[PDB]
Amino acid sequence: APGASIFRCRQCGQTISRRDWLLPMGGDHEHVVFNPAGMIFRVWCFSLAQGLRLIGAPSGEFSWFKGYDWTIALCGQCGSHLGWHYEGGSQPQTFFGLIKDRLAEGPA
């Protein structure tokens, strides 16, 4: 009965990811970043996620992760901005960067 195994959308409960899918990009699954508007995000990298809607076409503008282009990732149920999908890079080609405090962790 593990209580710390799946991540859901904090706003609505949509299933998003799993602790097992955390990905240590450059040696750490956690990355702290800012956007051009100065908003700070504590980003958890995941190899895999579900339940999202990836919006529009990829962009390399202001990418936090060298060699990757991003798309906004919304909660596919409620529209909450949960993070970004990264693509176009190498080892891995793709991953998800999700905002830790916009997820809730709990049992499967």
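For every residue, the number given is its place in the sequence shown, counted from 1.
- Averaged over Cα atoms, the B-factor as recorded in the entry is higher for 25-33 than for the other of 25-33 and 59-67.
- According to the PDB record, 39-47 carries the higher mean C-alpha B-factor of the two stretches 39-47 and 75-83.
- The deposited CA B-factor of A108 belongs to the highest third of values across its chain.
- In the deposited entry, the Cα temperature factor of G89 places it in the middle third of its chain's modelled residues.
- Ranked by Cα temperature factor within the chain, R19 sits in the highest third according to the deposited record.
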